[PDB]
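Chains as they are written, first to last, in full-length UniProt numbering: chain A, 3 to 154, 158 to 212, 231 to 359, 363 to 622, 758 to 771, 778 to 794, 796 to 967, 1051 to 1221; chain B, 43 to 690, 709 to 820.
The beta carbon of each residue, even a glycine, is placed where N, CA and C say it ideally should be.
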Ligand SMILES: Nc1ncnc2c1ncn2[C@@H]1O[C@H](COP(=O)(O)OP(=O)(O)O)[C@@H](O)[C@H]1O
Ligand SMILES: C/C=C(\C)CC/C=C(\C)CCC=C(C)C
């Protein structure tokens, strides 16, 4: 090997020694960022040791002589030393890991910088924005990979598992990002970056799959966009490619790479993100933050980082390629010291040449500044060279086969065991043909609720010596409660979450349980990427039987018979005894569980209750609010009979009553924070009340269950029977996004109050009735019937007045056209802003929002979609797009903030005159008592000579006539 | 009981009573198990890591360890790569300590368990405990030998070398010791302790030539000890051996030295003389007194005053605290030394004094103190009263060092670990095996010493080789040995200056001292060439002693006798007798020829020698490969110069007193009328004082005329002048300081000064 491969290996040894290993501290093993930046970043240290690890691997695959063994051992032990030093850096902050485990706050996060001479902390928590889930996640990922490569106390194992819990909730934790500045605006605003989420997913996979697939949901929803305030980040290459490989969608990976190439790639590398301005000649060097008005200034002149082209060589090596264009384009290396490449950190447009670069993008000869060499980039450069020259293989750097993520994974067959709670239930199930086994017969396998599984993991990770307290109580979804568990040598199987949660009306409806089971199976068939085959334990309880008790629910039978047939829930299902499923299951072993009016005196007014059960309940709110857990003077309290009333109406299944009792007793869904976190996990915002704006409190970020529940209560303003609707509809939307997320495309802000109003309207026109009696029959809907209404609301299925209904359906669902937000970005260039109901969407937003941001989307949907009425909004949507339509033909720009409502109305006044003349009844067209827009205008089709969009075209042209006196149109 | 069950018993005790306490961050173990003290002592952590490693050595005998071998071994590495961290952060101090070993330049021996930062300052604590640096190095060798990979990069190897450069010169650095106080008196005084020098002799014997990389190691990972500095430590321990120090005729710290872990003493009679005094004068029912007249946590000790005042030490006679750990060391000594009844005698003594924690795990109380109410009764009849434990474990207090030694002793006694397993480097050499162990024993054995030093007579010039042959001695000029390079010792001192040089840690290299006769007696491979060094006896010097050939012949005999008594390395020593043409000039020829002839006969001074050609003598010999030189910063290899062929009055009349009362230019007058090189030295030496360094002389600067007269009468063998000259020019020899250490290493004290005048 020394003939022609040992000399080149020694050349790379000199490269790594003179670029990386020269700066490693003999006391700590950390690497200072540069001469000026003497501190050691976690992520930079982890990335900078990749070259050393790869060299050691190279040296070892050819280590036969001693000297070669000495070099390989030195390199491998340098890598081990660096990782151990970073460990004591994190170990010294065990009080921060423990605090972030429960309260994921930026003030309780691990520091990014550490003293390279003492493994201590250099700055204060307040001083750097230390929350960077990607640094800890990349450390965990490469700790898993290096160990799987043969690189070697239990206390640090407990600390590492507590770090697993630390980065476990990264799909819902705002971050300061890989660039440790949060959002682009650069005001220290913690933001959810897909880079951190993907790195956390990779670290967890290499090292509980529920939060792993939550991170997967974040990745699918966010890509190709980076985060809320970023169209694209070149750091996404660290997710869709080396080192995370956290995206298993090949199309998504290709789309993200193409977005990076098209938007950020330049002559001297790739810009980190659009309007970055980290080392641009336009920033203020001594000002830490960025004003929202200078972000425009950074456009088209952002610094291009050569570091990202090392990622483009790494993929290309990991995935075989002729991307030998990414190499050969890195001739932009500083010294050819002696001849050391010295990959720069970034290239900045020379200051004088700002105007030329702005105008002519990616064309000016930039200068190198920042760190030189960028050790994070230099290590990746050396690793890619090693890998590309045949001295290394993807399987040596990646012994965990993270690269095989993109390969299509086959559908999984979910084995289900239907277990009888009681033997009588088993007898009924058999009369009907499903042969099952009782929970007693399944012994020695012990069936437990998922609550017990969540509590068991709270004893994982605990060392009281360093004050680490297990894992926080997290709800285990279907993924967690589908593996079999080896606890104290006896196998424990756990039923899904939705079965033991019988505290809200959803569990009483057997159809709901069928629907929850179907959603769980659909989620399992797609998200199970685990060794073994998942096993859903489905016990048929006594509540699952019919009214008589000698027969089983039809819906539950039908579901079980379909599962026996192999298909239910979009999933192939194998039913059988739980004993048969031991050999082909994810039988994980939990080793931590081994031991070792008048008359205001309310003296006698409840006497009227002593049989309609509606009236009995009605009195009971007078006697609750006026008199909830107070006495009744008959060995009874207000709460007690309300619970008795709740049980009675559950037995009679008159759903309006159950909902009301639930509503005034403040029944709350336990897995509701999970529903909100799932809906927000898919990059969909939520608003909770009736539509006028203050009541409708928006949910932009995840909220803890107490807050979420409290936000729901205050959004009803005391008006009952909607606070429960918000939770129920949120749960249904979560299930439908888990199962049929295509239904939720072109939707970005779910207005629950508008949804409820549109369900009431649909119950009013279907089963024609008054809108009000329909608002009351919506109460009397079964939970599964209401879920069906929501399906039909979403998919627009029907059980001269049509176009008003559509305009309503789409507006309530807040459905926007494809490309609508980017089109709004275009008009804001022309006009000075849009005004809806007096609220202004200024053009200054575009000076800090790139068109494809999901932060500009929110800005638009907060000025436009806030409109209470469902249709008025869909018309305001048209008037914007006809404004977008006519902006292209118009050659000039106007200095007015255009009031879209007026264009809607001017079209309204243009609707009376035209229709009256074409000759229509004056009473045929009548105004809306809420919007002042003729009902027939809503009923009008979009296109045509009398189409509503044509009227707005005749309205916008007659609107901008006084603003634009002259209009040399194209 | 299965082995798993037998060793799960120790894993429960180790994991509860030792590894629970290991710092999650530093790896060091805390001195106080329960409390807010953040002190991790260096010695106690080393003994704690050794205890976890001893359990791993036991779990290595089970293939299904269930992870316990990796954890217990990696806990030991954690503690040892944590002490290294504490020291590596204080490497500004390792450089200062090599250059100026002093109580206030030392590596701190107590650090923050949580952070590794210095906790107590030099004033607050006596940090100069070289037992700790030295046991770090004995344990690093014993653990790296076992398979435990503690040193990871070349910079860690350079720090371990710089740690070695410090541990070599222990004989001349007095310290506080294992007990942190110094002497029995806590006067704040450091003294040489056999225990600290003994552990240093052992670290140096173990670490010489040791790849710190282990099996995955090359030539550039080896540590290199000075055979001469190690000898100076062996000489000091031996001079002081039955005893511990000036102050202690016996200390129980001698037991850790004489036997596990160091197993330092190489004399079986001194081991028995040292152990017997330690057992006889220090043993107790509850343990071994650390030293007689010890005030540690005694009832009569004042808690507030750190320093015992003179004669207080009497108040602690019979009240001395007895440490049960020493019973555990005696049990480990018995397992090693094959006494199956010293293990039982001391196991039987420990079973009673051993407390047990709530879960049944044994607690070795650090000390057993006489309660205050019973102090007088013990003093009256020592051994009568009942002493209360210091830590019962249930208290939440555990002696982590003693907890670790219970695991080592109990495993060794139960034969769940072997003496060989915990002494991978063979520190214990059974008598029957005391034959070929480098730096300790030579082929001849422990008692016999007739070494045949391999002499090579090297002649300065071909002229001298042909002259010497005519008169009977075949010598070889420096050129005739062409591949072999003969170097002055000073050229090896220049090469060694590049050993341990780390600029990242600010380390510099071997201190620039002279290599001596046990290091110039080795063949070295430096930069691809074989280098043999002429002894320091043959180094030219300003001092007038060099001129007497009889002193050279005696220094040659004296050096060869030192090489015989103190060279215990594998090869035969190589003494190169450089002969210079000045040595044979005049009647020096007859004395030199008799030495050279006896060297040819094979005996000069009782030291048998084999004169032979260097090429034959260097042929199958072990060569120390000096691989640290490399190319380093300069792309050129260092430039090393090698010895090359030098190709062609009855009384002073002028008395000082009667001629110094004169200030006259007349002293400069007699200077022209004095043929006496003694009158000239007296006359031209009065003037090095009154007129000055350069008062013009007829000849020139006075400094030049005395150096001419000193040099001239040195040759003319006019010794009164040579001594007036040396004195007047204030000449001192390089060897005065090296010899004054022979006096000190041998327990003697030199006083310089005249009789009837100021002595020092
Ligand atoms: N000029 C000399 N004459 C005799 N022995 C010497 C001389 N120089 C050094 N040595 C010996 O070399 C060894 C190491 O040298 P050095 O470090 O100077 O010793 P020390 O510190 O004891 O003075 C010692 O054994 C010392 O006695
Ligand atoms: C050429 C004129 C029209 C096609 C009438 C409709 C267009 C406008 C009223 C102005 C559009 C320009 C914007 C910046 C919104």
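- Taken in chain order, the unbroken stretches of beta strand (DSSP E) that lie wholly in the stretch 611-646 of chain B and span 3 residues or more are 616-621.
- If you check the C-beta of residue 555 of chain B against ligand 1, you find a heavy atom less than 7 Å away.
- For residue 527 of chain A, the closest Cβ of chain B is not nearer than 8 Å.
- In terms of CA proximity to residue 92 of chain B, B/116 leads the group B/728, B/723, B/554, B/116.
- Less than 8 Å divides the Cβ of residue 839 of chain A from the Cβ of residue 523 of chain A.
- Where residue 529 of chain B is concerned, the enclosing beta strand (DSSP E) starts and stops at 526-529.
- Counting along the chain, residue 536 of chain A sits inside the alpha helix (DSSP H) bounded by residues 536-553.
- In this structure, the alpha-carbon of residue 338 of chain B lies about 7 Å from that of residue 363 of chain B.
- Between the C-alpha atoms of residue 507 of chain A and residue 101 of chain B there is a straight-line separation of about 37 Å.
- For residue 621 of chain A, no chain B residue has a C-beta closer than 8 Å to its own C-beta; the minimum C-beta separation is roughly 12 Å.
- Of all residues in the stretch 39-69 of chain A, those with a C-beta nearer than 7 Å to a C-beta of chain B are 68, 69, reading in chain order.
- In chain order, 66, 67 make up the part of chain B whose C-beta sits under 7 Å from the C-beta of residue 93 of chain A.
- The C-beta of residue 615 of chain B has 16 or more other C-beta atoms within 10 Å across all chains shown, which makes the residue buried.
- For residue 347 of chain A, no CB of chain B lies under 8 Å from its own CB, so it is not counted at the interface with that chain.
- Nearest CB-CB separation between residue 551 of chain B and chain A: not below the 8 Å threshold.
- Among the residues of the stretch 519-553 of chain B, those with a Cβ less than 8 Å away from any Cβ of chain A are 544, 546, 547, in the order of the chain.
- Taking a 10 Å sphere around the C-beta of residue 515 of chain A, we find fewer than 16 other C-beta atoms and assign the residue as exposed.
- If you check the CB distance, residue 509 of chain B and residue 626 of chain B come in under 8 Å.
- Leaving aside the five residues that flank residue 406 of chain A on each side, the residues in its chain whose CB is nearer than 6 Å to its CB run, in chain order, 333.
- Contact with chain A is absent for residue 372 of chain B, since none of that chain's Cβ atoms lies less than 8 Å from the residue's Cβ.
- When A/843, A/101, A/915, A/519 are compared, the shortest CA-CA separation from residue 1060 of chain A is found for A/915.
- Using a CB distance cut-off of 8 Å, residue 80 of chain A counts as an interface residue toward chain B.
- The beta carbon of residue 596 of chain B does not come within 8 Å of any beta carbon belonging to chain A, so the residue lies off that interface.
- Using a 10 angstroms sphere on the CB of residue 411 of chain A, the tally of other CB atoms reaches 16 or more, which defines it as buried.
- For residue 1137 of chain A, the shortest C-beta to heavy atom distance toward ligand 2 is below 7 Å.
- Listed by position along chain A, the residues whose Cβ is nearer than 8 Å to that of residue 262 of chain B are 72.
- Under the Cβ distance rule, residue 3 of chain A does not count among the residues neighbouring chain B, no pair being separated by less than 8 Å.
- The distance from the Cβ of residue 302 of chain B to that of residue 375 of chain B is about 6 Å, consistent with a contact at the 8 Å cut-off.
- The beta-carbon of residue 139 of chain B is placed no less than 8 Å from the nearest beta-carbon of chain A.
- Three or more beta-carbon pairs separated by less than 8 Å are not found between the stretch 933-945 of chain A and the stretch 859-877 of chain A, which leaves the two stretches without contact.
- Shown here, residue 184 of chain A sits in coil according to DSSP, grouped into three states, outside any helix or strand.
- When distances are taken from the beta-carbon of residue 1144 of chain A to the heavy atoms of ligand 2, the shortest one is below 7 Å.
- For residue 130 of chain B, at least one C-beta of chain A is nearer than 8 Å to its own C-beta.
- When 8 Å is used as the limit between beta carbons, residue 62 of chain B is near these residues of chain A: 491, in chain order.
- Taking every protein chain shown into account, the CB of residue 818 of chain A has 16 or more other CB atoms within 10 angstroms, so this residue is buried.
- Taking every protein chain shown into account, the CB of residue 216 of chain B has 16 or more other CB atoms within 10 angstroms, so this residue is buried.
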